[PDB]
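*Asks:*
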Amino acid sequence: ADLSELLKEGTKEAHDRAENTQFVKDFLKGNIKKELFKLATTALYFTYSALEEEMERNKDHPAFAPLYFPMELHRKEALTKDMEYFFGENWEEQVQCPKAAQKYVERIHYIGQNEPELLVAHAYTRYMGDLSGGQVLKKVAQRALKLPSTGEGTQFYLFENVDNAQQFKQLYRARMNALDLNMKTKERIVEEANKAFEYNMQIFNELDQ
């Protein structure tokens with residue numbers, strides 16, 4: 031069967047779990063304050079920094095190269111602008127990676143340096159999710175926090191180099207389904223994706239407290 035299908039079905043439970051967390055529900059209803067949003071943004075910065083470091087490291091690797099999309103997808107530069115907006119120019123001195131997020135970062139670096147064929151598990155749970163929910167989540171944050179309408183603080187949510195999200199998202203699935211993979215390697219990818227959903231759930235719970 032198709033990897034994209036195995037992932038849609040084999041991660042539906044862990045997807046709904048992390049999606050039904052208290053943080054996500056409070057966010058959708060406009061009930062997240064600035065400092066808490068700054069903490070959540072800090073966590074995204076170190077997470078995407080880690081993942082994109084490993085994607086660059088494996089940009090030539092046959093089990094990942096077709097999905098290397100630095101211009102279309104990478105978020106580190108956008109998240110840097112948002113950190114600059116929320117904390118000022120010396121923001122790096124002002125923040126530390128949260129404990130649950132550091133555990134996820136370690137797992138990203140381990141996968142990128144030892145089992146690169148599973149990197150697609152972490153890319154698929156991140157950017158494909160990010161691509162669809164971007165505009166909806168951008169709007170609620172701008173309103174809740176009264177952010178400038180020139181976009182400062184929400185650049186993470188804008189994929190400036192992707193003309194049509196729906197068309198790119200189709201092209202990405204097709205590339206993923208065309209990766210030369212036996213049925214064993216495929217199932218490891220679904221399990222690593224469930225692991226990723228679990229890490230993101232633990233990051234959300236840490237933010238709730």
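Residues in the sequence shown are numbered from 31 upward in steps of one, following the deposited numbering. Where is the CB? At the ideal position from N, CA and C, for every residue including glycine.
1. For residue 226, which of helix, strand or coil comes out of DSSP?
2. For the alpha helix (DSSP H) that residue 100 lies in, which residues bound it at each end?
3. Using only the alpha-carbon positions, how far apart do residue 165 and residue 63 sit?
4. Is it right to say residue 136 is buried, meaning 16 or more other beta carbons lie within 10 angstroms of its own, or is it exposed?
5. Starting from the C-beta of residue 51, find all residues in its chain whose C-beta is less than 8 Å away, skip the five residues before and the five after it, and write them out in chain order.
6. Rounded to the nearest angstrom, what separates residue 220 and residue 40 at their Cα positions?
7. Once you ignore the five residues that flank residue 72 on each side, which residues in its own chain have a CB closer than 6 Å to its CB?
8. DSSP on residue 211, reduced to helix/strand/coil?
9. Please identify the residue among 74, 140, 163, 206 whose C-alpha is closest to the C-alpha of residue 241.
*Replies:* Concretely, from the data shown:
1. Correct three-state label for residue 226: helix.
2. Secondary structure note for residue 100: its alpha helix (DSSP H) is the uninterrupted segment 100 to 103.
3. Distance between the alpha carbons of residue 165 and residue 63: 19 Å.
4. Counting Cβ neighbours within 10 Å, residue 136 comes out exposed, since fewer than 16 surround it.
5. The answer, listed in chain order, is 231, 234, 235, 238.
6. One C-alpha to the other measures close to 6 Å.
7. By the criterion of a C-beta distance shorter than 6 Å, residue 72 is surrounded in its chain by 125, once the five residues flanking it on both sides are discounted.
8. Looking at residue 211 - three-state DSSP - the assignment turns out to be coil, as it is neither helix nor strand.
9. Within the shown structure, residues of the chain are numbered from 31 to 239, placing residue 241 beyond reach of any answer.
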